[PDB]
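Structure first, commentary second.
Protein chains: 2
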Amino acid sequence: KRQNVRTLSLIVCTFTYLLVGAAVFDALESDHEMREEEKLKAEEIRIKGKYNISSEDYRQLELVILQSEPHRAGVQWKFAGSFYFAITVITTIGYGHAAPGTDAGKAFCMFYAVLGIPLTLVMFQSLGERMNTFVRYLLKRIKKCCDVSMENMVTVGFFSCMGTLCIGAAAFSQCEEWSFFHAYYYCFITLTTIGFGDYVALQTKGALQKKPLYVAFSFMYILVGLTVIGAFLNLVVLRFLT
Amino acid sequence: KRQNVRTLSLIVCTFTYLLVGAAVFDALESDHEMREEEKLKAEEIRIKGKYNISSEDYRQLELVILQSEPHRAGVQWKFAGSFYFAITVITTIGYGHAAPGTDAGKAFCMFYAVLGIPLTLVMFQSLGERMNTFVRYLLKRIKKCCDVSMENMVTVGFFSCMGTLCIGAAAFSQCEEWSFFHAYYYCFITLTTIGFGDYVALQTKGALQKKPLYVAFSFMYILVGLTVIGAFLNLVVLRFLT
Ligand SMILES: CC(C)CCC[C@@H](C)[C@H]1CC[C@H]2[C@@H]3CC=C4C[C@@H](OC(=O)CCC(=O)O)CC[C@]4(C)[C@H]3CC[C@]12C
Ligand SMILES: CC(C)CCC[C@@H](C)[C@H]1CC[C@H]2[C@@H]3CC=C4C[C@@H](OC(=O)CCC(=O)O)CC[C@]4(C)[C@H]3CC[C@]12C
Ligand SMILES: CC(C)CCC[C@@H](C)[C@H]1CC[C@H]2[C@@H]3CC=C4C[C@@H](OC(=O)CCC(=O)O)CC[C@]4(C)[C@H]3CC[C@]12C
Ligand SMILES: CC(C)CCC[C@@H](C)[C@H]1CC[C@H]2[C@@H]3CC=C4C[C@@H](OC(=O)CCC(=O)O)CC[C@]4(C)[C@H]3CC[C@]12C
Ligand SMILES: CC(C)CCC[C@@H](C)[C@H]1CC[C@H]2[C@@H]3CC=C4C[C@@H](OC(=O)CCC(=O)O)CC[C@]4(C)[C@H]3CC[C@]12C
Ligand SMILES: CC(C)CCC[C@@H](C)[C@H]1CC[C@H]2[C@@H]3CC=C4C[C@@H](OC(=O)CCC(=O)O)CC[C@]4(C)[C@H]3CC[C@]12C
Ligand SMILES: [K+]
Ligand SMILES: [K+]
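Residue numbers (PDB author numbering), protein chains in the order written: chain A, 2 to 147, 153 to 248; chain B, 2 to 147, 153 to 248.
The following block contains the structure:
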């Protein structure tokens with residue numbers, strides 16, 4: 002029947018894509034990982050030989066450094082830090098902040114995510130629909146002053167996504183002193199709800215407590231990018247759902 | 002009009018929820034963060050005084066330890082590691098694997114996510130719909146052998167979610183030697199597409215290369231949990247979309 006055939010066809014393509022991606026990633030990163038591992042030991046062996054660090058005390062230093070990594074960025078559990086953590090939790094980003102060490106805190110975070118994810122999803126969907134309607138109205142007005155097809159809507163949405171990504175990359179490069187490609191990759195990771203791209207904002211020189219304007223701009227940009235992504239998904243992906 | 006009223010009403014509730022969550026998180030974690038910071042310095046100050054570590058060379062040790070953290074789990078860019086990374090990328094988890102250090106690799110990952118996210122979403126939606134249909138058929142057969155309402159479907163879905171979460175928590179506690187609550191929290195984080203909860207599996211004693219059965223079971227459990235979550239979202243959340 003149609004349902005079973007569709008499901009079986011969908012399963013196979015995903016597995017094939019997974020295999021292809023895994024093979025390409027392995028073939029592209031095996032040598033780099035080997036070189037990085039070789040360099041890092043050599044360096045750690047040299048420094049341990051120079052400083053005569055005992056094996057037993059070496060693990061304690063690693064644990065202390067790993068546990069103190071979030072604390073380097075300042076006080077992450079302030080009002081701004083808590084707001085950023087809540088934003089990441091509700092938007093299913095889940096990176097940049099430090100996981101709470103309290104069982105009650107973990108339970109509260111679980112309940113918060115459960116009660117907040119559908120609301121955020123519905124709000125994003127509604128705002129994306131409103132943005133799509135506004136874009137359609139603007140296109141109709143432009144055509145009248147100078153019948154809209156989908157392809158035009160798809161092209162407009164893609165151009166808007168590219169422009170937003172470029173603007174965010176430029177802003178983050180000017181603020182975080184990052185490369186243009188690295189800033190673009192970080193913006194893409196943030197807007198795709200992945201969360202981890204080996205980069206994080208609002209974690210340098212205590213920017214969470216001394217630059218409220220930067221935090222507000224980052225939050226507004228994140229919200230705008232998420233709304234644009236949701237609108238694009240509604241335009242191109244949601245038709246194939248039901 | 003209805004559209005604008007809905008759009009403006011959703012935003013206010015979302016902002017109020019964000020403020021409440023941030024306030025609660027701050028009030029619950031400020032003291033814990035302060036105590037952890039105090040303990041970690043005291044320890045680092047004591048160890049630096051004991052070993053007489055120079056300030057200039059201290060940063061190099063931190064950089065080496067931070068860069069070598071993924072490498073401590075073995076060769077992460079093998080076939081199993083690449084498959085795990087691809088699974089995390091397509092499922093918008095984005096945690097458990099080190100980010101690639103190559104610009105070409107980053108571009109390939111971006112293209113992979115772009116071309117794979119809608120396909121995975123559609124496959125999950127279709128499989129969740131099939132699971133919902135099968136559950137409805139089973140409930141109808143049970144009622145006949147011993153007219154189904156929604157509330158019954160919602161209760162059945164919630165019970166299935168709780169059972170799957172408990173089974174996953176028990177399995178991870180028996181395998182990863184974690185606490186029951188910690189395993190439950192990790193399973194909830196994984197199934198909610200958050201990704202980071204300070205707990206990561208398949209990263210101990212090289213389990214990615216010596217326990218293929220464990221990796222296969224973990225992948226199957228992740229897929230089953232994601233399918234169940236998608237089915238629940240279709241049952242309760244998707245009606246309010248369109
Ligand atoms: C077991 C767990 C997953 C339950 C999760 C609860 C959700 C199913 C609830 C909680 C908050 C609810 C929302 C709270 C507020 C609103 C605004 C409400 O808007 C109006 O009443 C005015 C506009 C209109 O008429 O639609 C529409 C429903 C909605 C999105 C609700 C939809 C259903 C939500 C997401
Ligand atoms: C027609 C449309 C598409 C253009 C959109 C306007 C942007 C080009 C503007 C609007 C908001 C601006 C941002 C508002 C606030 C800031 C913080 C500002 O930070 C500081 O001044 C302190 C840090 C430092 O010293 O650089 C740096 C510029 C930036 C990112 C601005 C960069 C330019 C932005 C993105
Ligand atoms: C038309 C709609 C989209 C308007 C939405 C309003 C936002 C522009 C406002 C409403 C609440 C504001 C936030 C309320 C509280 C704070 C805490 C504030 O932190 C501090 O003042 C202390 C730390 C520091 O100094 O940065 C930083 C800005 C921020 C995140 C604000 C950023 C801008 C927000 C999101
Ligand atoms: C600019 C970016 C966002 C483009 C993203 C591409 C997607 C819009 C495409 C890529 C893969 C496509 C899917 C590839 C395979 C199929 C199986 C296909 O199933 C059948 O042909 C049999 C069942 C039936 O008759 O519907 C239905 C469409 C679907 C889900 C496609 C829907 C549209 C997808 C997600
Ligand atoms: C009726 C339904 C609801 C029950 C579903 C059956 C589960 C209780 C079974 C099915 C698959 C089983 C798993 C299959 C494989 C493994 C790997 C296995 O690992 C090893 O044997 C090596 C590691 C070690 O030494 O413990 C540990 C048990 C576990 C998690 C099993 C635990 C019990 C599971 C989840
Ligand atoms: C009805 C449907 C859901 C069936 C789906 C099939 C899966 C049960 C199979 C198909 C491909 C399999 C994977 C193919 C390749 C590998 C690599 C394999 O790794 C190795 O053999 C080397 C490393 C090690 O020793 O673990 C570990 C299992 C895994 C992930 C397999 C896990 C089980 C998978 C996902
Ligand atoms: K995520
Ligand atoms: K996500």
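Where is the CB? At the ideal position from N, CA and C, for every residue including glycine.
Contacting residues, own chain, Cβ-Cβ under 7 Å from residue i (five flanking each side not counted)
i              : result
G174(B)        : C193, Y227 and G231
residue 1(A)   : One cannot answer for residue 1(A) here, as it falls past the ends of chain A, which runs 2 to 248.
residue 151(B) : No atoms of residue 151(B) appear, because in chain B residue 147 is followed directly by 153.
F125(A)        : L232, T233 and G236
Buried or exposed by the 16-neighbour rule on C-beta atoms within 10 Å, applied to residue i
i              : result
residue 148(B) : Because residue 148(B) lies between 147 and 153, and chain B jumps straight from the first to the second, it has no atoms in this structure.
residue 148(B) : Chain B lacks coordinates between 147 and 153, the interval that contains residue 148(B).
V13(B)         : exposed
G169(B)        : exposed
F165(B)        : exposed
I91(B)         : buried
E157(A)        : exposed
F186(B)        : exposed
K107(A)        : buried
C147(B)        : exposed
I195(A)        : buried
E34(B)         : buried
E39(B)         : exposed
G212(A)        : exposed
Near ligand 2: residue i beta-carbon under 7 Å from a heavy atom
i       : result
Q180(A) : yes
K211(A) : no
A177(A) : yes
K217(A) : yes
Distance cut-off 7 Å: residue i Cβ against heavy atoms of ligand 3
i      : result
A87(A) : no
Proximity test, residue i beta-carbon vs ligand 8 heavy atom, cut-off 7 Å
i       : result
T15(B)  : no
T196(B) : no
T93(B)  : yes
Neighbourhood of residue i by C-beta, 8 Å cutoff - its chain only, sequence neighbours within 5 removed
i       : result
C172(B) : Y190
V160(A) : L241 and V242
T89(A)  : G95, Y96, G97, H98 and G201
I66(A)  : none
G22(A)  : none
Residue range of the alpha helix (DSSP H) that includes residue i
i       : result
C193(B) : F186 to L197
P119(B) : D104 to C146
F84(A)  : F80 to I91
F246(A) : No alpha helix (DSSP H) holds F246(A); DSSP gives it neither H nor E.
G231(A) : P218 to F238
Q61(B)  : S56 to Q68
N5(B)   : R3 to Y52
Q180(A) : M156 to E182
Residue i beta carbon near ligand 6 (any heavy atom closer than 7 Å)
i      : result
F26(A) : no
Check: residue i C-beta below 7 Å from any heavy atom of ligand 1
i              : result
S10(B)         : yes
residue 149(A) : Residue 149(A) cannot be placed in this structure, since chain A goes from 147 to 153 without the numbers between.
Residue i beta carbon near ligand 7 (any heavy atom closer than 7 Å)
i       : result
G236(A) : no
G231(A) : no
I200(A) : yes
Residue i: CB within 7 Å of a non-hydrogen atom of ligand 4
i       : result
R131(B) : no
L171(A) : no
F246(A) : yes
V123(B) : yes
Near ligand 5: residue i beta-carbon under 7 Å from a heavy atom
i       : result
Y220(B) : yes
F135(B) : no
Spatial neighbours of residue i in its chain, beta-carbon cut-off 6 Å, leaving aside the 5 residues before and after
i       : result
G163(A) : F238 and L241
* Are the region 210-229 of chain B and the region 112-125 of chain A touching, with three or more C-beta to C-beta distances below 8 Å? -> Here the region 210-229 of chain B does not lie against the region 112-125 of chain A, with fewer than 3 beta-carbon pairs under 8 Å apart.
* Asked: Counting pairs of Cβ atoms below 8 Å between the region 71-87 of chain B and the region 51-62 of chain A, do you hit three or more?
  -> No, because fewer than three Cβ pairs between the region 71-87 of chain B and the region 51-62 of chain A fall closer than 8 Å, the two stretches do not touch.
* Kindly confirm or deny that the region 127-146 of chain A and the region 127-138 of chain B touch, where touching means at least three C-beta pairs closer than 8 Å. => As far as the Cβ criterion goes, the region 127-146 of chain A does not touch the region 127-138 of chain B, which means the pair count is below three.
* contact_flag[the region 181-189 of chain B, the region 76-83 of chain A] where n(CB pairs < 8 Å) is 3 or more -> Three or more Cβ pairs closer than 8 Å define a contact, and the region 181-189 of chain B falls short of that threshold against the region 76-83 of chain A.
* Kindly confirm or deny that the region 37-48 of chain A and the region 6-22 of chain B touch, where touching means at least three C-beta pairs closer than 8 Å. => No: the two stretches stay apart, fewer than three of their Cβ pairs being nearer than 8 Å.
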